[PDB]
Each structure stands twice: as structure tokens, then as C-alpha cells.
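Novice: Based on what follows, work out the 3D shape:
(chains A, B, C, D, E, F and G, ligands or ions: 8)
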Amino acid sequence: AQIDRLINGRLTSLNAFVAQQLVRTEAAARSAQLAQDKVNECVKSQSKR
Amino acid sequence: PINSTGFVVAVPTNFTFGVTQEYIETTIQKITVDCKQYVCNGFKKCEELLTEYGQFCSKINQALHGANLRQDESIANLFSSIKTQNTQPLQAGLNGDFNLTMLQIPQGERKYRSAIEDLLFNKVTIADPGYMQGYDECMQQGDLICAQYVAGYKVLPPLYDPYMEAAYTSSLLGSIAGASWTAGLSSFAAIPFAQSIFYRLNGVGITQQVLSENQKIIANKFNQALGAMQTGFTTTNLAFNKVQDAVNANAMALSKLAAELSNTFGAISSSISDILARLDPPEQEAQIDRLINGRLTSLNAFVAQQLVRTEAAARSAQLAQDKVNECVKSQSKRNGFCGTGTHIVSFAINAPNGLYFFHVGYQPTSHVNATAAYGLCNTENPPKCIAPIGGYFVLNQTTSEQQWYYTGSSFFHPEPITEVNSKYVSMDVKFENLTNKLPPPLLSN
Amino acid sequence: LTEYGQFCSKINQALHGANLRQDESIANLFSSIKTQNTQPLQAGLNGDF
Amino acid sequence: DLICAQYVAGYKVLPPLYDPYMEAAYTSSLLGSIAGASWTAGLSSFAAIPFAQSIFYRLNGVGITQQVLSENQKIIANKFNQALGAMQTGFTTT
Amino acid sequence: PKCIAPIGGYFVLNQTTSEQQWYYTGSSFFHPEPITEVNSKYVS
Amino acid sequence: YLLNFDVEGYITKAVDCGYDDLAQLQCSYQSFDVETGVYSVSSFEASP
Amino acid sequence: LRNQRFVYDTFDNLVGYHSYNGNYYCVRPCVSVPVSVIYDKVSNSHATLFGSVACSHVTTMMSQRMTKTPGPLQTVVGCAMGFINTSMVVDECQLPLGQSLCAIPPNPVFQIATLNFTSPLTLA
Ligand SMILES: *[C@@H]1O[C@H](CO)[C@@H](O[C@@H]2O[C@H](CO)[C@@H](O[C@@H]3O[C@H](CO[C@H]4O[C@H](CO)[C@@H](O)[C@H](O[C@H]5O[C@H](CO)[C@@H](O)[C@H](O)[C@@H]5O[C@H]5O[C@H](CO)[C@@H](O)[C@H](O)[C@@H]5O)[C@@H]4O)[C@@H](O)[C@H](O[C@H]4O[C@H](CO)[C@@H](O)[C@H](O)[C@@H]4O[C@@H]4O[C@H](CO)[C@@H](O)[C@H](O)[C@H]4NC(C)=O)[C@@H]3O)[C@H](O)[C@H]2NC(C)=O)[C@H](O)[C@H]1NC(C)=O
Ligand SMILES: *[C@@H]1O[C@H](CO)[C@@H](O[C@@H]2O[C@H](CO)[C@@H](O)[C@H](O)[C@H]2NC(C)=O)[C@H](O)[C@H]1NC(C)=O
Ligand SMILES: *[C@@H]1O[C@H](CO)[C@@H](O[C@@H]2O[C@H](CO)[C@@H](O)[C@H](O)[C@H]2NC(C)=O)[C@H](O)[C@H]1NC(C)=O
Ligand SMILES: *[C@@H]1O[C@H](CO)[C@@H](O[C@@H]2O[C@H](CO)[C@@H](O)[C@H](O)[C@H]2NC(C)=O)[C@H](O)[C@H]1NC(C)=O
Ligand SMILES: *[C@@H]1O[C@H](CO)[C@@H](O[C@@H]2O[C@H](CO)[C@@H](O)[C@H](O)[C@H]2NC(C)=O)[C@H](O)[C@H]1NC(C)=O
Ligand SMILES: *[C@@H]1O[C@H](CO)[C@@H](O[C@@H]2O[C@H](CO)[C@@H](O)[C@H](O)[C@H]2NC(C)=O)[C@H](O)[C@H]1NC(C)=O
Ligand SMILES: *[C@@H]1O[C@H](CO)[C@@H](O[C@@H]2O[C@H](CO)[C@@H](O)[C@H](O)[C@H]2NC(C)=O)[C@H](O)[C@H]1NC(C)=O
Ligand SMILES: *[C@@H]1O[C@H](CO)[C@@H](O)[C@H](O)[C@H]1NC(C)=O
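Specialist: Numbering: from 1, shown residues only, chains lettered A, B, ... in the order given. Ligands and ions are numbered 1, 2, ... in the order given. Below is the structure in question.
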């Protein structure tokens, strides 16, 4: 019973870690798209915006 | 760069039309949960214990209801432009020499998908949610879809049916052709598709003489580029992979929801019927309480994840609206935003959970190194100086007094320098000083 | 833990999917090296710059 | 500590897809795509105009006339060099 | 030949319905006006 | 039952939650006043 | 295998049974039909939609408190109660039901209408 407490707690905690990593990965992909836009607009040309 | 006066520029001598493909999500699958059925599976003894947790189930239901409402508003906002978009009817098949058959709805009950949309949907495996009569079909027993009625969650139908989606993508196809030289957005010119394409090509630096000499060649290259989209949906392409990923995220949400009902949470069983059969009060109620608490915490996690996904999809739908407005309903001058190479025209079709774009670009294949001048001046006492408009001043070679010509910046074809392709500018020490063979704009007589 | 066998595999597979998606996103950003024309610069001063 | 805890706790930091030499290749590709023409419509041609001339074309396009630019060449270059040199000392808490 | 194209507008006939009398209008409001060097440019 | 208490403490009105689908919606929201909408409610009971 | 008598799935739930009468039976846990409620505050009236259910099963299940004047109506999203089929057409509505359907509340029974959007100007 004591070991089962640790098993259940650690599995729930890993589920939370996985959800957080999914969120962060999606955000980073969006930010990479923004970086590509900035390169194309400000580095490879002159901006009028 | 060259050490001499002027500069060297690589100017295309041949070209092809390139297609860049891009997928943009606009929705997720909408899910509602009957909390009491999910937690207690219809056993009266469990339900009696759950009444001490009555507030939490209602909060779960209300959160899901709010999220689905917000998605309905977002999707309504995207489709609303059908009511304000002027359109011009196209011709079936060939428009001029351009073959648009794959993108049009063929002309019993009317169809709601073009040929290319049919090819895309046939390569994706999507389960049928059975909006009309799926309950009876699942009664005819013989998985995630039929698990709705066991676990106590329901897939809700989307706001619009496929005929409205076809109406939207036909509205997009009818808003491509039009004028190019006008300032505002208030007028609507009924210029046929082929003429519109030739205006778009002239604006990125291909002169009128070149276009008149290469009409059929250009149409054939365009038709070749359109015809190859049919055979491309595959594992290699990133956009198609994104389509499959959207579908898989939808399926994984449901599968994780159903799998959690097999978690014992440290009880003797995950089945309430077994617990009632094997134990007696008060040990019985403690075991059931373990399942109640575990399942409520799991539902809280599911609700949080769905909120996050819904917000992300609404942002992505805004991006899709921006792409439609910038790349489909006009020609883009932005480097890299509407495909690769110089943007000519874009088309949009329906796809699972969003929109699928084909960005058609002008892509050179061979170049020549041309010798160019920053500008040209005469030797009058006050000098007169000219600079090219939308092109280059070049010598007629593919390798003193020199004979200077003009070419458009997107295709090497030397032409005489006239007031049509040149303008007067202030003097610059980089400009060539000309004594003989002055072009007419520089002539003092 | 063998009575919780399904949940560990799901955790591992979720993390694998997220890392795969990031690899695709970073590949997309770097790919323009293969299609970008360049001009060599001079070491140090370019004109007076 | 957190690095050595990988092998105790049972998690692993995976290496990134590209090594630093590929990142340097990317940022050198960016530095080699700045100089070029300004007055042309499309994106299909590539002119090998030196960096200084490109800068002076960019200045002329935001409203500084040719006479001003010819009279102030060295001053403009010195101001540019001063602005570049101060990035070195800026990375800070502010 | 010498050829012209409109600047920020259209070359139109003065009708709301051979040799024809062509005018210029701005693209956002119909008001035919004489064609001059202010509203036209030379083209190929 | 859904019970409404006035300031003095008396019960002035009530809703029988199991009478019809609208009564169930009201009991789920713990309110006599619900907004216009389309709502999912408790499924039809299946007992052996 | 008939001689093993019980068929199970990957979660160790019973899904089939070989009877001594010679027949095989698929087994499923007890299921519940979805219910949705359409409510208009202004008129204080309501109607119901059983999503994914054909009208016959709901007609039978009621015999098994008020749910148990127009008859049930079949739509592309399930069986509807308290609604009259209206060949009506709208371009906006308050109570969508999915698949381009929505409910028209009674001006103080519900009406079912479809959503159809039209282009403003077509120029040949
Ligand atoms: C104003 O707006 C309204 C609302 O938009 C418009 O009303 C709609 O008008 C259309 C066109 O008339 C109606 O479409 C017909 O609907 C029939 C009934 O469909 C239901 O029942 C089906 C079973 O009987 C069921 O399969 C179907 O649901 C599936 O399909 C829909 C999409 O149609 C999906 O949304 C569902 O999820 C579901 O999908 C699953 O099955 C699909 C099919 O296998 C898969 O593709 C999918 O992936 C899923 O797996 C729904 O519940 C339907 O029978 C009609 O079908 C015929 O026509 C279509 C389109 O051409 C063909 O694809 C079919 O094969 C079939 O073809 C032939 O039809 C003729 C004539 O009936 C027949 O003689 C011939 O024998 C058939 N032969 C063949 C080859 O099969 C058709 O889809 C739609 O129901 C209306 N919606 C309403 C009333 O709410 C209205 O017109 C607008 N007004 C104006 C003026 O514009
Ligand atoms: C532009 O490129 C195309 C494709 O390479 C060239 O077309 C081919 O030309 C060769 C002869 O040089 C023929 O044998 C092939 O059959 C052509 N392929 C086709 C038509 O698809 C075309 O000649 C090039 N144009 C130039 C160089 O001006
Ligand atoms: C335009 O292209 C389409 C294909 O994209 C051509 O249609 C195909 O033609 C072949 C040969 O006749 C048929 O086997 C296919 O079934 C057709 N596909 C369809 C109809 O989707 C079409 O003929 C082309 N049009 C012209 C005039 O070139
Ligand atoms: C530019 O140079 C080319 C040759 O490199 C000229 O092309 C020739 O023009 C004559 C006269 O029209 C033709 O008979 C030849 O067949 C052309 N040769 C080729 C390879 O095309 C071209 O006319 C020159 N353009 C000018 C002077 O404006
Ligand atoms: C064209 O001729 C003018 C002189 O009429 C040249 O101008 C001189 O250019 C040098 C730099 O090359 C300056 O140092 C002189 O001050 C300029 N003189 C004047 C009067 O402005 C010009 O460089 C020539 N352009 C060429 C050969 O490309
Ligand atoms: C274009 O046509 C309209 C008529 O359709 C002309 O309008 C008339 O112009 C005369 C002279 O100014 C006025 O007396 C009338 O009252 C006008 N009628 C209307 C209905 O406004 C207009 O002048 C023409 N424009 C030209 C020739 O440039
Ligand atoms: C509302 O009533 C109309 C008839 O007045 C129904 O439309 C018919 O539906 C059948 C079956 O799909 C078609 O074969 C007929 O052609 C349709 N007639 C017309 C005029 O469209 C319609 O389906 C009804 N709507 C419901 C029951 O929700
Ligand atoms: C213009 O033409 C369209 C048909 O192309 C017609 O529907 C419309 O009523 C016409 N408008 C006027 C002002 O006559």
C-alpha cells in the first residue's frame, strides 16, 4: 500500500510534466515562425512598416 | 562584384512555376462530457457518494460549454466574408489557355468537393462520428466513436455542413481575377482570369514584349505546375504531415479520455460492480471514493487541455484569415509570406480541421551574368541623367563607347531605352558619362 | 507497476511526438540556406563601414 | 547537478538537430544576403552591389537627397561605425 | 504608336448603360473627367 | 430540489429537478434564470 | 475459441460470450443516449434534441417524467422534439444546432431552418 502511494503520485506528476512540455513546444514553434518573418522583412530587405 | 564601373547582376533566362503547399488549422473537435455518467457509470451507490462533490461536476460541464461556444464564434467570424465578397463567374475547364479543372466543383445531387479536395481527403483516415444516427449503428455491434455512449462523452457536430464549406472555397476562387493598378478596394472589375495573370506577371518585372512572345509557353508551364499537385500528398511533404498530425491530436484526446476509466487509482478494481460484489461497508465506500477522486482530478486535467487547444485553434484561424486576404484575394509583395520565389497567385481548398493553400511562384531556372550601369548621363554643361524604372540598364552581351539597353528585372531581354522605361534623376558620380550613341531621353536636340 | 503498463508507454510516446515536431520546425527554418543567393563580403572595412 | 541527475532520476537531455557549425553557416548566409538592389519590382534577380553603395541607396529612399549624401559620406560612415561599436558593451540587466 | 494607361483609376465612357469619347475617373467614385497628363502615363 | 430563499429566510419557490429537461438545466446551473442557448444535460437513465 | 467461453479485449473487459445454446453474443456495457436542451429566455420555452438517435429508439425508450404536440422529427443531427419542419431559410440565428441547422424560437413550438449565405454582387 505504501509503495502504491508513490506509484500513483509519480505517475500523476509525470502526466503534468508532459502537458507542460507539449505547451512549451507549441509556443516555441510559433515563435520560430515569427523569427522567420523578422528575418525576411528586416534582414533580407528594408522595412517600410 | 566587379572592380569596374557599374555592377554585375544575374538576370533569369528561363523559368518555371513553383508550388509551395501550406496547411493552417482552424478548429478542433468539440467534446462534451456528462460528468456523473463518466465518474459513476450509472451505479446508484456511487452516485450517492458523488453528491458531496456536486459543485465540481457542474463546473466541468460549464467550462466545456464555454469553450465550444467560443470556437463557434471564431468559426462564424471566418466564414462571414461570403456575404461581403464580390465574385466573377469562371468558365468550366479552360480560362484562356489556363486549365482550372482540378480546382472547380464538377457539374442528381450536386457535389461539394473539387477533384483535388477529393484526392486530399481520400489519403486521410478519419473516423465517422455519426451525427445523424450513430447510436443505432453502434447498437448493431460487431471504437472511439462507439465509446461515446459507454464512457459518457459526446462529439458535437460542427457549425456548418460541407456544402457551406464548398460555398466558402467557391467564393475564394471567384475573387482572384481583377484589376492591379488601382489604389483603393471599392471597385470591382470583371477582368478574365488569363488577363489578370498576365497583369500580375508584368508587375514583377517581365516586360510586355516578352509576355506577348511567350503566351502559350507560359500557359503550358502553369498547367504543368497545377497538374502535379494531384500526385504530391505523401509522407515527405510537411503540410500533409501537419494535416495527419491535426487528425491524430483529435483522436488521442478521446483515447486518453477512455483509457483513464481503467485506472484503479490503488483500489482493488477499476470496476464498481466488482467492488460492490467483493467488499462490504465501510470498506466498500472507501474503495469507491478512491475512484471518485481519481476520475474527478483526471477530468480537470482534460478540461484544462481542451481550453488550451481551443485558444490555439482560434489564433490559427486568425492567421488563416490573414493568409486568405494577403495571398488569395491579392498578389503579395512580401518576401516569404506567400510561398517561395516571386508570388503570382494562390488557391485555397478545404482540408480536415482547416485550410490547405497552394502558393504559385515564379521560379527562375537559368541566369546570365549581365553588365549593368547605376545610371546614365550626358555631357551638357548642366548634365541630364536617367535611371531605369523597374529594371536595369545593361549591355547586350552574355559575357569606351558602349550601346546601353533596358531589360525587365525578371527576364533578360534587352530593349531600347525610352521615356517609358526611364526617369530623370539627380547627378551621381557613379553614373556612366556618355559621348556617343545617346538614348533619346538624353538628346539635347 | 505492471498493472499500470499502458500509462508509462503513453507518456513516452507523447514526449517522442513533441520532440519530433520540434525537429521538423527547426529544419524548416534552416532550409533557406539552400535557396539564398549570397555575395562575399570583405574582411574588416567595406568601403568605410 | 541537474546534468548529472539525468542518470539517477531516469531522464535524458537529447542533443539538438544541428551543431554550432551549421548555425554559423546560417548566420553567414544572412550576412551575405543584405547587399543588393532597391529599385526593382520582383525577387528573381540578384545584383552584386557592394555593401556601402547599398546603404547609400537605402538612405536615399527614406528622404535624404543625393547632394546631402555626397557631402556627408565620411560622417555617415563614422556615425554608423560608432553605433556598431557600442553593441559590444551593452548586454546587461537593464 | 503612342499609348497611354490610367493612373489610379479607369478610362471609361460617360454612360450608365465606332468612335467613342473616352474619359477618366477615380477608382472609388464615378465622376468622368477629361484625360490629361495628370491622370495618365505612357506605356508600351 | 432547487430551493430559493428570501432575505428573511423563507423558501419562496422551488424546482423539481427530475420533472423535465429544463428543470435539470436549472438545477445544474443552481439558478432559476438561465441564458438563451443550447445545452447538454444528463443522459437518459439506463438501469438493468 | 468457443471452448474458452469468454472473449475479452485489451483492457480485460468482457466483450463476448459463447452460450450453451450454440450462439455467440457480443457484450457491451450499458449505454445512455445524449440529450440537449434548446432554451429561449425571452419566451421562456424549450425543446429537446436527441443527437445521433433515430426517432424510433427514442419513441420506444420513453415508454421504459414529461418526456416519457408535433411528433418527433428526424434531422441530420438526430431526433428533435417540439419542432415543426419549416422550409425556412436564414442568414443568421441565435440557436445553432450544427450541420447548418438552427432553431427559430416562438415569437411570444420551435421552428427548424437552414443557414444559407449569398454573394453580394456577381458580375459577368
Ligand atoms: C441551404 O443550406 C442547406 C444546408 O447546407 C442545404 O441543404 C443541404 O443540401 C444538400 C444537397 O441537397 C443535402 O445533401 C444530401 O443529404 C442526403 C442526406 O444525408 C444524410 O443522410 C445520409 C445517409 O442517408 C448520411 O450519409 C449523411 O451524412 C454523411 O454525409 C454528410 C455530408 O453529406 C456528412 O456531413 C456526415 O458526417 C456524413 O458523413 C459520412 O458519410 C459520408 C458519405 O459516405 C462520408 O463522405 C463522410 O466522410 C462520413 O463518413 C447525412 O446524415 C444525402 O443522402 C445526399 O447524398 C447524395 O448527394 C451527395 C452529394 O452529391 C453524394 O455524395 C451522395 O453519394 C448522394 O448522391 C446521390 O444523390 C442523389 C440525389 O439524392 C441520389 O439520387 C443518388 O442515388 C445518390 N447516389 C450516390 C452516388 O450516392 C446529400 O448529401 C443536405 O442534406 C442538405 N442539408 C440539410 C437539408 O440540412 C440547402 O440545399 C441549401 N439551399 C440552397 C438553395 O443552396
Ligand atoms: C527552358 O527550360 C525548358 C526545360 O528544360 C527547356 O525545354 C526543353 O528544351 C529541350 C531542348 O533544349 C527539349 O529537348 C525539351 O523537350 C524541352 N522540354 C520541355 C519543352 O518541357 C526550354 O528549351 C528552355 N528554354 C530556353 C533555354 O530558352
Ligand atoms: C485539364 O486537366 C485535367 C486534369 O487535371 C484534364 O482532365 C483529365 O483528362 C484525362 C484525359 O482525358 C481523363 O482521363 C481524366 O479523367 C480527366 N480528369 C478530370 C476530368 O478530372 C482535362 O482534360 C484538361 N483539360 C484540357 C482541355 O486540357
Ligand atoms: C541582342 O543581341 C542578340 C544576339 O546576342 C541579338 O539577337 C539576334 O538578333 C537578330 C536580329 O533580330 C536575329 O536575326 C538573330 O537570330 C538573333 N540571335 C539570337 C541568338 O537570338 C538581338 O537582336 C540583340 N538585341 C538588340 C540589338 O536589341
Ligand atoms: C562622370 O564624369 C564626372 C565628371 O564630369 C565624374 O565626376 C568626378 O568623379 C570623381 C570620382 O570618380 C570625383 O572625385 C570628382 O569630384 C567628380 N567630379 C565632378 C565634377 O563631380 C564621374 O565620376 C564620372 N562617372 C563615371 C566615370 O562613372
Ligand atoms: C457626363 O454625362 C452627364 C450626363 O449623363 C453630364 O451631366 C450633365 O452635364 C450638364 C452640363 O454640366 C448639366 O447641365 C446636367 O445637369 C448634367 N446632368 C446630370 C444628370 O448631372 C456630364 O456633364 C458629362 N460629363 C462630361 C461630358 O464630362
Ligand atoms: C422540410 O420539408 C421539406 C419539404 O417541404 C424537406 O425537403 C425534401 O427532402 C427530401 C429528402 O431529402 C428531398 O428528396 C426533397 O427534394 C426535399 N424537398 C425540397 C423542396 O427541398 C426537408 O428535408 C424538410 N426538412 C427537415 C425534415 O428538416
Ligand atoms: C450590372 O451587371 C450585373 C450583371 O453582370 C447586373 O446584375 C447588375 O444589376 C448591373 N448593374 C447595373 C447598375 O445595371
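
Novice: Tell me the secondary structure at residue 22.
Specialist: Using chain A here. Three-state assignment for residue A:22 (DSSP: H, G, I helix; E, B strand; the rest coil): helix.

Novice: To clarify, I was referring to chain F.
Specialist: Per three-state DSSP, residue F:22 ends up helix.

Novice: tell me which parts of chain G are close to ligand 1?
Specialist: Proximity of chain G to ligand 1 (Cβ under 6 Å from any ligand atom) is limited to residues G:76, G:100, G:101, G:114, G:116. Where you see a C-beta, it was placed from the backbone N, CA and C, and this is true even at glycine.

Novice: Please indicate which of the residues you listed are buried?
Specialist: G:100, G:101, G:114 (16 or more other Cβ atoms under 10 Å in any protein chain shown).

Novice: Out of the residues you listed, the closest to chain C would be?
Specialist: residue G:100 (33.9 Å; Cβ to the nearest Cβ).

Novice: wait, the closest one sits on residue G:114?
Specialist: Yes - counting by Cβ atoms under 8 Å, residue G:100 touches residue G:114, with 5.6 Å between them.

Novice: burial measure for whichever residue of chain F sits closest to chain G, as a count.
Specialist: Using Cβ to the nearest Cβ, the single residue of chain F nearest to chain G is residue F:43, 3.5 Å away. Other residues within reach of residue F:43, judged by other Cβ atoms under 10 Å in any protein chain shown, total 19.

Novice: State the distance from the closest residue to residue F:44 other than its chain neighbours to residue G:97.
Specialist: Closest residue in space to residue F:44, ignoring its immediate chain neighbours: residue G:33 at 5.0 Å, by Cβ to Cβ, 6 or more residues apart in numbering or on different chains. Distance of residue G:33 to residue G:97, computed by Cβ to Cβ, to the nearest Å: 17 Å.

Novice: ok, and the closest non-adjacent residue to residue G:75?
Specialist: residue G:101 (6.2 Å).

Novice: how about the one you found, what does it touch?
Specialist: Residues counted as contacts of residue G:101 (Cβ atoms under 8 Å, 6 or more residues apart in numbering or on different chains) are G:75, G:76, G:77, G:112, G:113, G:114, G:115.

Novice: Then residue G:13?
Specialist: Neighbours of residue G:13 in contact, by Cβ under 8 Å, 6+ apart: residue G:29.

Novice: So what does it have for phi and psi?
Specialist: Note on residue G:13: backbone dihedrals following degrees, to the nearest 10 are phi -100, psi 140.

Novice: nearest to chain C, of the contacts of residue G:101?
Specialist: Among those, and counting by Cβ to the nearest Cβ, the member closest to chain C is residue G:77, at 32.6 Å.

Novice: wait, isn't residue G:84 in contact with residue G:106?
Specialist: No - assessed by Cβ under 8 Å, residue G:84 is found out of contact with residue G:106, at 9.9 Å.

Novice: circling back: may I have the phi/psi pair for the residue nearest to residue G:75?
Specialist: phi -110, psi 150.

Novice: For beta bridges, what are the partners of it?
Specialist: Beta bridges link residue G:101 to residue G:98, residue G:114, judged by DSSP bridges.

Novice: Residue G:17 now?
Specialist: Beta-bridge pairing for residue G:17 (DSSP bridges): residue G:6, residue G:25.

Novice: and it, how many neighbours?
Specialist: Residues near residue G:17, counting by other Cβ under 10 Å: 13.

Novice: All good on my end, thank you.
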